[PDB]
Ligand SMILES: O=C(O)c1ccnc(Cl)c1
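The chain below stands alone and is given as structure tokens, in the form solved without the ligand.
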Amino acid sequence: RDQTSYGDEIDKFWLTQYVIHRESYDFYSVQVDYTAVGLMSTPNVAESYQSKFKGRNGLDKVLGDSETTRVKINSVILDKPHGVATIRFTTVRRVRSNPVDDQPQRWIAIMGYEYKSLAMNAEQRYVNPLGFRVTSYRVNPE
């Protein structure tokens, strides 16, 4: 169904799922994450994101399993009538060669989002059943 929002708790779920999928890096799940971000984006948002994964120096082809970045959501502020969200989160990167994790980094994600009923199939349905999608996405430091 086409609706801008599904309520505070549902919106926060898909939005945090989006940031977790897009801003994390783990080689063992990057294909799933990449796929998810693709389904949860407008083609403009998606193709701006998929750029990073193309060419000989695509992110996963450069990094491999050398490092990881995990995400911690700190807060989510919703503007449900306009499909706008501001999400503060923290990244902790870890290079497998190093013995310790790197120092945490804090970010702000300003997001536009919406729900669209579109032609969907079973494996996509199993990922994005409500047809959630991000319509704009920008990250800046805190």
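Counting begins at 1, following the sequence as shown.
Only in words, not in the display: the form deposited with the ligand bound, which the text now covers.
**Item:** The unique member of 73, 110, 95, 59 whose heavy atoms fall within 4.5 Å of the ligand in the deposited complex
**Value:** Partner contact (heavy atom, 4.5 Å) among the options: 59.
- So which of 80, 116, 52, 88 gets a non-hydrogen atom within 4.5 Å of the ligand in the deposited complex? Of the listed residues, the single hit is 52.
Margin query: I'd like to know whether residue 69 contacts the ligand in the deposited complex, with contact meaning heavy atoms within 4.5 angstroms.
Written below: Residue 69: yes, in contact with the ligand in the deposited complex.
### Message
So in the deposited complex, is the ligand close enough to residue 23 to count as touching (4.5 Å, heavy atoms)?
### Response
Output for residue 23 is yes: heavy atoms within 4.5 Å of the ligand.
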